[PDB]
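Trainee: sequence unavailable; structure follows:
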């Protein structure tokens, strides 16, 4: 839920 | 005896006269010397340290208990002297009157119920917001609404008090007095009557249902906004209590229509002020997640406070991990928003996407598959991220990535700008050490 | 004085929002000052 990658 | 006590202004002698209560009681109410004594008790009312004393609360409560007829002159005195004292002094006076209600019993208490509190709230309904005393009145009334949960039976006496005066206050055509009525109403919910049966329980809750339905169907925007914040507090507090059909109907009403109210932007910002404190609802997370992609266009508003609060819920959602924000909102629309954003909004977006942009635990390979990305696919958002990253984090984190990169090529202007932003980063991190 | 009708701006529905897909262009000196 934090980093798109 | 009391005269030298007030001349010396000493609480010890007043506590002594508190201990001899019957000796104070023996003085007749008809005495003019008792009237001078009462004026000196008003001088005790002036004293702030007596208000701080809990024994102060004790003897003031029994002064209310002593003479029923003196209470109206007390009401006039506190009408005369609301303007002088401060907010903490107002909530102190509210504590005094709460304990004054609690100690009182009998026909004196019934006269107090028919005398003091209803006149104060009637004034607070009808006082203009221009008056600073109006702020004091509804803040002490909000203290009373907070204290009604502490003691049982308070809800019933405020129900029997508010049976005349809440109902026509609901349909008050004037927007300000109805706004104050809504302000007291949204904390007033739920209202209970102990003797009534289950039919009357369901009838009164359905009455409150249609009342909040009409109050959220108000034509004025600020009355709508107060109703929004109130039903947000209701759905936060007691969502387990309402039937699910009513809950689904109200959430569909406040989501399908209310998000697109083009008349006013700050009412949508009031919806935004509501949205973090409903997100504590654990069971309704798929139900709210159904309506989470309905708000993708709200990034493109022209109101500053709307977008500031909007990114505040984006940060709140990424804190609580309720839903995948990249599924909620497109990244490129966010990026052109950054290209059109302002300074504190871009600060909040840097804090929002810092997990996506710069990893601290991941190695140099992840650092460079995000570095090549943030260099190439957009450029101005990268320079704003450079500007806000050393503000947000330590400069060692800047220097480690600088040394990673030191250990787009088609343009000479691109490498010149990269040298310039490296010099800018060096100037930013030199001041730290 | 109670019961004074004022201007009640009614609920109106529409888009305050615009989504331009410009693709599928930056300057340094403006940010430098």
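Mentor: Happy to help now that I have it. Numbering: from 1, shown residues only, chains lettered A, B, ... in the order given.
Trainee: quick one: contacts for residue B:147?
Mentor: By C-beta atoms under 8 Å, 6 or more residues apart in numbering or on different chains, the residues touching residue B:147 are B:98, B:154. From N, CA and C alone the C-beta is placed, and that goes for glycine too.
Trainee: neighbours around the closest residue to chain C within the stretch 301-433 of chain B, how many?
Mentor: Using C-beta to the nearest C-beta, the closest approach of the stretch 301-433 of chain B to chain C is made by residue B:380 at 4.4 Å. Residue B:380 has 17 neighbours, counted by other C-beta atoms under 10 Å in any protein chain shown.
Trainee: and it, what does it touch?
Mentor: Contacts were defined as C-beta under 8 Å, 6+ apart; by that measure residue B:380 touches B:338, B:339, C:26, C:31.
Trainee: go through the strand or helix carrying residue B:426 and flag the buried ones.
Mentor: Per DSSP states H and E: residue B:426 is located in helix B:412-430. By 16 or more other C-beta atoms under 10 Å in any protein chain shown, the buried positions in helix B:412-430 come out as B:417, B:421, B:424, B:425, B:428, B:429.
Trainee: ok, the second one - contacts?
Mentor: If I follow you right, that is residue B:421. B:383, B:386.
Trainee: redo that, cut-off 10 Å
Mentor: Residue B:421 is in contact with B:379, B:382, B:383, B:386, B:387, C:28, C:31, counting by C-beta atoms under 10 Å, 6 or more residues apart in numbering or on different chains.
Trainee: so the helix or strand containing the third one versus helix B:412-430, what angle?
Mentor: This means residue B:383. Using DSSP H and E, residue B:383 maps to helix B:380-392. Angle, helix B:380-392 to helix B:412-430, by axes from the mean of the first three to the mean of the last three C-alpha atoms, to 10 degrees: 10 degrees.
Trainee: buried sites along whichever helix or strand comes after helix B:380-392?
Mentor: Remark: after helix B:380-392, the chain's next helix or strand is helix B:395-406, criterion DSSP H and E. For helix B:395-406, a neighbour-count test (16+ other C-beta under 10 Å) marks B:395, B:398, B:399, B:401 as buried.
Trainee: mind checking how far the one residue in the stretch 101-250 of chain B that gets nearest to chain A is from residue B:282?
Mentor: Closest residue of the stretch 101-250 of chain B to chain A, C-beta to the nearest C-beta: residue B:236 (22.0 Å). Separation of residue B:236 from residue B:282 (C-beta to C-beta, to the nearest Å): 12 Å.
Trainee: what sits against the residue in chain C positioned nearest to chain A?
Mentor: Chain C approaches chain A most closely through residue C:24 (17.8 Å), counting by C-beta to the nearest C-beta. Applying C-beta under 10 Å, 6+ apart to residue C:24 gives the contacts residue B:332.
Trainee: sorry, back to before: and the helix holding residue B:426, how far out from the chain's middle?
Mentor: Helix B:412-430 has its C-alpha centroid displaced from the chain centroid by 45 Å (C-alpha atoms, centre = their mean, to the nearest Å).
Trainee: compute the inter-axis angle for it and helix B:395-406.
Mentor: For helix B:412-430 against helix B:395-406, the angle by the same axes, to 10 degrees is 150 degrees.
Trainee: name the nearest residue to residue B:23, sequence neighbours excluded.
Mentor: Counting by C-beta to C-beta, 6 or more residues apart in numbering or on different chains, residue B:23 lies nearest to residue B:17, which is 7.6 Å off, once chain neighbours are set aside.
Trainee: how many other residues sit next to the one residue in the stretch 1-150 of chain B that gets nearest to chain C?
Mentor: Nearest to chain C in the stretch 1-150 of chain B, going by C-beta to the nearest C-beta, is residue B:126, at a distance of 6.8 Å. Number of residues near residue B:126 (other C-beta under 10 Å) recorded here: 15.
Trainee: how about the closest residue to residue B:120 other than its chain neighbours, what does it touch?
Mentor: Distance criterion C-beta to C-beta, 6+ apart; nearest residue to residue B:120, sequence neighbours excluded, is residue B:137 at 6.1 Å. Going by C-beta under 10 Å, 6+ apart, residue B:137 touches B:82, B:90, B:120, B:121, B:122, B:123, B:124, B:125, B:127, B:131, B:180.
Trainee: what helix or strand is residue B:137 located in?
Mentor: Here residue B:137 is covered by helix B:132-147, with elements defined by DSSP H and E.
Trainee: what's downstream of that helix, the next helix or strand?
Mentor: Downstream of helix B:132-147 (by DSSP H and E), the next one is helix B:154-170.
Trainee: wait, a strand at residue B:55?
Mentor: No: when DSSP: H, G, I helix; E, B strand; the rest coil is applied, residue B:55 is found to be helix, with no strand at that position.
Trainee: so residue B:409: helix, strand or coil?
Mentor: Classification of residue B:409 using three-state DSSP returns coil.
Trainee: grab the nearest non-local neighbour of the closest residue to chain A within the stretch 201-350 of chain B.
Mentor: Taking C-beta to the nearest C-beta as the measure, the stretch 201-350 of chain B has residue B:321 as its residue closest to chain A, at 4.2 Å. Spatial nearest neighbour of residue B:321, chain neighbours left out: residue A:1 (4.2 Å); criterion: C-beta to C-beta, 6+ apart.
Trainee: was I right about the one you found contacting residue B:314?
Mentor: No: look at residue A:1 against residue B:314 with C-beta atoms under 10 Å: they stay out of range, at 11.3 Å.
Trainee: can you show me the helices along chain C?
Mentor: C:29-32 (DSSP state H).
Trainee: need the residue closest to the centroid of it.
Mentor: residue C:16 (5.4 Å; C-alpha atoms, centre = their mean).
Trainee: for that residue, list the residues it contacts.
Mentor: B:260, B:261, B:262, B:265, B:268, B:297, B:298, B:300, B:301, B:302, B:303, B:306.
Trainee: which residues of the stretch 51-200 of chain B lie near chain C?
Mentor: Residues of the stretch 51-200 of chain B lying close to chain C (C-beta under 10 Å from any C-beta of the partner chain) are B:125, B:126, B:168, B:169, B:171, B:172, B:173, B:174, B:175, B:176, B:177, B:178.
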